Each structure stands twice: as structure tokens, then as C-alpha cells.
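A short write-up of the structure that comes next.
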Amino acid sequence: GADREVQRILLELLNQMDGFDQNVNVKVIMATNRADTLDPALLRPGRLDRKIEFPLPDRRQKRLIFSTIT
Amino acid sequence: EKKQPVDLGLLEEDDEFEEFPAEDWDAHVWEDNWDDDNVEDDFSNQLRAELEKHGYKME
Amino acid sequence: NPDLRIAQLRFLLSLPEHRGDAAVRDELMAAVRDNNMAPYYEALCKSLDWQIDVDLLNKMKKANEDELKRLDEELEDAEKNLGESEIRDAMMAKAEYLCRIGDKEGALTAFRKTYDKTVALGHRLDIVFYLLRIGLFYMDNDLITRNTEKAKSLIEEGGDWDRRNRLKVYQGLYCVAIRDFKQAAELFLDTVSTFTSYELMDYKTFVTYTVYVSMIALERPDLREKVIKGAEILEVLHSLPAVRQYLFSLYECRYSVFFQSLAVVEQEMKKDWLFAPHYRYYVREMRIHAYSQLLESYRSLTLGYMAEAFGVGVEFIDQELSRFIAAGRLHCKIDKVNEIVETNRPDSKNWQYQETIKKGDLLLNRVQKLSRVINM
Amino acid sequence: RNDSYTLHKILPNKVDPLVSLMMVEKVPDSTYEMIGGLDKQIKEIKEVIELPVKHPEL
């Protein structure tokens, strides 16, 4: 009786997620570290297309991060 | 109504050329019209534009 | 396909004659043989009025009976072993075969019924493309406008930009087939970026068309922008040696020559079909432009200056301008006593007013006409 | 009927559940003419599906 509310919320997101018109200039930006417990229904061509990753920097990046922080 | 129309047509005439036209009775229309006129002018002009200038060469 | 070239050569034979009895006719006939065509042979013979060899006709019809028999039979085997996407294909070969046999109604119906199948896109769309193709072939019109609408929808829904380009090549060529060059301008002019549709004609032909119409209905700075500076044209417009020579002659104010190449190309249009009798509309217009372009920088200039430039006699030049002035297509006016020409600029309103009234009248006449009909 | 709690009238459509499930799955609606390099399969598929259905009498 708590899940029920969420699922729909998904279905809500789901329904109005693809319900648009292709023209509706509305982008959806979702941020999450645990990119895993996400119903695939989310990542489907249409609802969530571009999938972008945020690595834990390395050498170069750090230089920019360091230089930027300092 | 059509019959009435036909009758009216008959009264107005017969007719000679009209009959022929009817017998002949097509094509399209394209888009817009006016004014056609003659033809064979442009090159004729050039044919003369030469000749003209050729006459003007002769000049 | 059906290969247009048959039609073009056919028209060539029609010509003002010209007979001849040269390359053309026997080119046609040669492609009757290998095409075992028929509906022509009676259609053409009845048109050109020169039939013979009742035997050849019989042979062609016979072989046709053979293959139509075969495809019918093939289809029969499918009905018992369908093969949905297959059946429709054998049909495509049926109506298609009507295309090789160039019979309009038959491929028409055949294709239609194949749409009830088709199902996909390339079959329900590209097939339509061919159906209209027939339209282009016969020299019809409406038969196309109704199908370009169909494909229009099929493309508007999904599809891609690969079919849309051919599409614009067809629509464009059509626009040229009428007096509608403006619509063909952007359409064709934008068709240079892509042109996979060699189905109709080659690339340099097309080039000459898009450059022709471009020169005709583009403004001077957008002529320089989209055509004179055509990356795809420079490599091609160097391949030619006629239209280009004229196009440059204009843009660069080298009139006198412009004329000669203009007449030339005119004498090259009457040969085509897309223009047919438009060869008279094109040149007329191309006369005005230059006259216009020549005056635009002058509030007065003397005839002999003009005549000298173009290299014609005065009297003929005056005689020419007299065509365009009274029609308010040219903002000049002439003084013959002193041999001078002054330019009266026009007002924007004067332009629309004349156009607005003309358009309004056309709508009014159509409104009333059909009004009475629905009224009774 | 609100208070009468009897049928006032029967509205149109119901929405289906299986259709709803299919919507939620969203699996590309793909037509043949768009997969080159997958006939032999297709043939096999046709053999194992299309033919089996079109004419199970075969």
C-alpha cells in the first residue's frame, strides 16, 4: 500500500513521459548514482535516450579540478 | 431541369459550329494564363540581332 | 520503371516537325522491341499516325501474354503458400510489369490493391512514388497532386530525409512542368545537396535545370549567394558551357553577350518536355530582368547607350521595351523625340493593389460560381 | 447513477490491460523493410511462424 503509490508515480512519469508530441520543447534531466535500481521502462528510446556517465576523475581532469579549486 | 436547359440551348441555336464543337468533344490548363500572343520572336530577334548588328556590322 | 526517356523521346518526335526520321524515332522503336511494348504501339501510331508491321505488334502482345500469364501463375502458388510480404511483392512485379508494358490503369489498380497489403513504408510509399512516376510519364497532373499528398503524409509521419529529397526532385521537376518556377527554385536549388534519384535524369541535366530556374526566379544577391557560389555547381557549371555562360554574363554586367546565350538555351528548351511551350515564357521574362537590371542604377539614360550595349538597333530595342512598359512589369518610360529613357520608381502599394485585386477577383469568381450550384 | 448506484449509462472504451502492458514495455514497432542481413533467419522465422499460422493446414 506504499508501493502502489510509487508505481503509478512511475506510470504518471511514464504516461506524460511519452505523451508529448515530439514538439513539446521539454527536456527531462534525472540524476542518480545508483544507475541500477531503475526500471528499464525508464531508459527506453523516447523517455530517457542519452545516458551520460560521470567518472571519478583521473589525472588530467583532476588538474582542471585542482587548478579550478585552488 | 437538365431537359429544360437542353431545350433552352436548342432554342438559342442548334448549332452549326456548336454541333461541330460538340462532335469534337480534354487536356488540362496548367495554371494561370494570358497573354500568349505570337511566337518565333526571340531567336527571330537574335536572327535579326545578328542581322541588326550584322546590318550594324554592315554599318 | 518506367524509364522516362521513352516519353522525352516521344515528345521529341511530336515536335513542330522536324522529321526525322533521325536518332529519336528509331531510338524509341528500338526500345519498343526490347520492351515488347504495346499500348503505345496503337497509342503512338494513332498519335504520330505511322503504323506498320502488324506482325511485330502480335509478337510483342504474345510475349506479354506469356509473362502476365507467368506472374499470375506465380501469384496463384502464393495464395496457397502465403507469404504476406511475398504476395505483395509478386504484385509489385505485376503492376511493375504493367509499367514495362506501360499500361496506366493496370499498374494503377495493381499498386492500389498492393497498398491494402504493402504494410511497410518503402512499399506503401516508394510504390506510390512509382505510381506518380507514371503520372510524369503520361504528362498528366492531378493524378500526381493526389499522390504527392499521400507520400507527403507517409513522410510527415516518419520516414527519413533520403526519400524527402527524391520527393522534392519530383515535386520540383513538376513545378517546372508548369509555370510554377518559384516553388521549383528552392525545391530544386536545395536538391543539389543531395540527388540520389537518377531514376528520372542524370546529374548535369538536373544541374542545368536548377541553375536555369534559379537564374529566373532568385534575387540578385541570393543568386550570387546560392548559385553563382554553388560548391556543387562550380565543379559542374564548369562541366557545361551555355546556361552558366549566361548566368555569369548577367550577374557581372556583361549584357550584350547574355542575350546570345539566352537565345541559345531557348533553342535548347523547346526540345525538352518540362518546358514544352514554356520556352516562350522563359525568354520573355529573361528579357525583362536585364532591362530592369540595366536601368536600376539610372534615373535617365539614352537609347543608343542601351542599344549599343546590347548590340541591337534602337528601333528594335524601343519595340521590345514597348512590350513590358504598359504592363507595369517595367518601371521605365520612354521619350522617343530625344531618344531618352527615364525611370519612374514604383510604390509598394501599387504592386500589391494590382496583385490583391487580381487575386480577390479570382476567389470571387470561384465563390459565386459554385455558390449558385449549391444554391439550387 | 450516483446516489441510486445503478447504471446511469455505459461509457465508451475501457483501455485494456494487455495493451497497457505493451505500452509500458515500449518495444520498437519494427517493420521488415529495415533490417537487411536477416533473411535466412526470417525465412526460418516465416517457416516457424508465418507459414505455421497463415496455413496451419500445411
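Here, A, B, ... name the chains of the C-alpha cells in the order displayed, residue numbers run from 1 inside each chain, and ligands are numbered from 1 in the same displayed order.
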
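The alpha helix (DSSP H) portion of range 1-52 of chain D consists of residues 18, 19, 20, 21, 22, 23, 24, 25, 39, 40, 41, 42, 43, 44, 45, 51 and 52 of chain D, with states taken from DSSP on the backbone.
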
Output as CSV one row per residue of chain C within 8 Å of chain D: the closest atom pair and its distance in Å to one decimal place, counting only C-alpha atoms, sorted by chain and residue number ascending.
```
residue,atom,partner,partner_atom,distance
C:81,CA,D:51,CA,7.4
C:82,CA,D:54,CA,6.7
C:83,CA,D:51,CA,7.2
C:120,CA,D:31,CA,5.8
C:121,CA,D:33,CA,7.5
C:122,CA,D:33,CA,7.0
```

Taking 6 positions as the minimum chain separation for residues in the same chain, which residues sit within 10 Å of residue 13 in chain A when counting only C-alpha atoms? Answer as a short mmCIF file (atom, residue, chain, number, x, y, z; two decimals) with C-alpha atoms, in the first residue's frame.
```cif
data_model
loop_
_atom_site.label_atom_id
_atom_site.label_comp_id
_atom_site.auth_asym_id
_atom_site.auth_seq_id
_atom_site.Cartn_x
_atom_site.Cartn_y
_atom_site.Cartn_z
CA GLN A 7 4.43 2.61 -9.31
CA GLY A 19 2.62 11.53 -24.14
CA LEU A 42 12.67 4.41 -17.80
CA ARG A 47 11.63 8.61 -22.29
#
```

Residues of chain A at most 9 Å from chain D: nearest atom pair and distance in Å, only C-alpha atoms, as a tab-separated table:
```
residue	atom	partner	partner_atom	distance
A:11	CA	D:24	CA	8.1
A:14	CA	D:24	CA	7.5
A:15	CA	D:24	CA	8.6
A:40	CA	D:25	CA	8.6
A:41	CA	D:25	CA	6.2
A:44	CA	D:26	CA	7.3
A:45	CA	D:26	CA	8.5
```

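CA of residue 254 in chain C is found 16.3 Å from CA of residue 49 in chain B.
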
Exercise for the section: Write out as a ChimeraX atom specification every residue belonging to chain C that has an atom at most 7 Å from any atom of chain B, counting only C-alpha atoms. Expected result: /C:178-179,263,311-313

Practice task
Could you tell me how far CA of residue 202 in chain C lies from CA of residue 37 in chain C, in Å and to one decimal?
Solution key: 24.3 Å

Problem - Spatial neighbours of range 143-159 of chain C, max dist 7 Å, only C-alpha atoms, sep filter under 2 positions, as a PyMOL selection string - result: chain C and resi 125+128+132+135+140-141

Generate the output file for the selected residues, N, CA, C and O atoms, as a PDB file, in the first residue's frame.
```
ATOM      1  N   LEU C 125       4.996   3.653 -49.717  1.00  0.00           N
ATOM      2  CA  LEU C 125       5.453   4.973 -50.120  1.00  0.00           C
ATOM      3  C   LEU C 125       6.129   4.901 -51.469  1.00  0.00           C
ATOM      4  O   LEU C 125       5.615   5.426 -52.444  1.00  0.00           O
ATOM      5  N   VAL C 128       4.011   4.202 -54.280  1.00  0.00           N
ATOM      6  CA  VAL C 128       3.289   5.411 -54.655  1.00  0.00           C
ATOM      7  C   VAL C 128       4.160   6.257 -55.560  1.00  0.00           C
ATOM      8  O   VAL C 128       3.707   6.716 -56.601  1.00  0.00           O
ATOM      9  N   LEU C 132       2.931   7.696 -59.185  1.00  0.00           N
ATOM     10  CA  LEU C 132       3.004   9.057 -59.706  1.00  0.00           C
ATOM     11  C   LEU C 132       3.959   9.134 -60.887  1.00  0.00           C
ATOM     12  O   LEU C 132       3.687   9.830 -61.885  1.00  0.00           O
ATOM     13  N   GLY C 135       2.543   9.156 -63.715  1.00  0.00           N
ATOM     14  CA  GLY C 135       1.988  10.471 -63.971  1.00  0.00           C
ATOM     15  C   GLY C 135       2.936  11.325 -64.778  1.00  0.00           C
ATOM     16  O   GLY C 135       2.593  11.827 -65.858  1.00  0.00           O
ATOM     17  N   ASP C 140       0.372  13.873 -67.282  1.00  0.00           N
ATOM     18  CA  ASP C 140      -0.851  14.195 -66.553  1.00  0.00           C
ATOM     19  C   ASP C 140      -0.601  15.349 -65.572  1.00  0.00           C
ATOM     20  O   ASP C 140       0.255  16.205 -65.811  1.00  0.00           O
ATOM     21  N   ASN C 141      -1.359  15.372 -64.478  1.00  0.00           N
ATOM     22  CA  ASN C 141      -1.176  16.358 -63.422  1.00  0.00           C
ATOM     23  C   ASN C 141      -1.837  15.919 -62.113  1.00  0.00           C
ATOM     24  O   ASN C 141      -1.169  15.428 -61.203  1.00  0.00           O
TER      25      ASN C 141
END
```

Completion exercise
In Å and to one decimal, CA of residue 212 in chain C is distant from CA of residue 247 in chain C by 8.3 Å

Practice task
Find the residues near residue 167 in chain C: any atom within 9 Å, counting only C-alpha atoms, skip ones fewer than 2 places away on the same chain, and give them as JSON, numbers by chain.
Solution key: {"C": [129, 148, 151, 152, 162, 163, 164, 165, 169, 170, 171, 172, 197]}
